[PDB]
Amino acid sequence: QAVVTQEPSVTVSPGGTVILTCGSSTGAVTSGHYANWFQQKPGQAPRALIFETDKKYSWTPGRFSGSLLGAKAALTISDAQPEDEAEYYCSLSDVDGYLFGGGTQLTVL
């Protein structure tokens, strides 16, 4: 079974741009291997932000963008806001499993 890897922690300046990444232990994340991103604040339900690696929901701020970066999936957060301070989880999905990473704590300073 594959293991999904996310940075445990990242920091950004309000106004800044930060990149969060999501890797698979079994190889490069390519098309057909779907990444989903979720935002989670303490005491709140998580919210889905990205699906199929780069697609947004109607409630996803344009500041959030998904892509493939090298062999990994990436979530780019531009124009960081105080409200963006949260845990960000990625899942990688294909015929072999729908697998969660350990999450990235984003800190906005």
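In this text, residue numbers run from 1 along the sequence as written.
A.B. asks: Test of understanding: from the entry's C-alpha B-factors, which stretch has the higher mean, 35-43 or 49-57?
C.D. replies: It is 35-43 that shows the higher mean C-alpha B-factor.
A.B. asks: Mean C-alpha B-factor higher for 4-12, or for 98-106?
C.D. replies: The recorded data point to 4-12.
A.B. asks: Lowest, middle or highest third: which one holds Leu92 when the chain's residues are ordered by CA B-factor from the entry?
C.D. replies: Within its chain, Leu92 is a lowest-third residue by C-alpha B-factor, going by the deposited values.
A.B. asks: When the deposited Cα B-factors of this chain's modelled residues are ordered and cut into thirds, is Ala74 in the lowest, the middle or the highest one?
C.D. replies: According to the entry, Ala74 has a C-alpha B-factor in the chain's lowest third.
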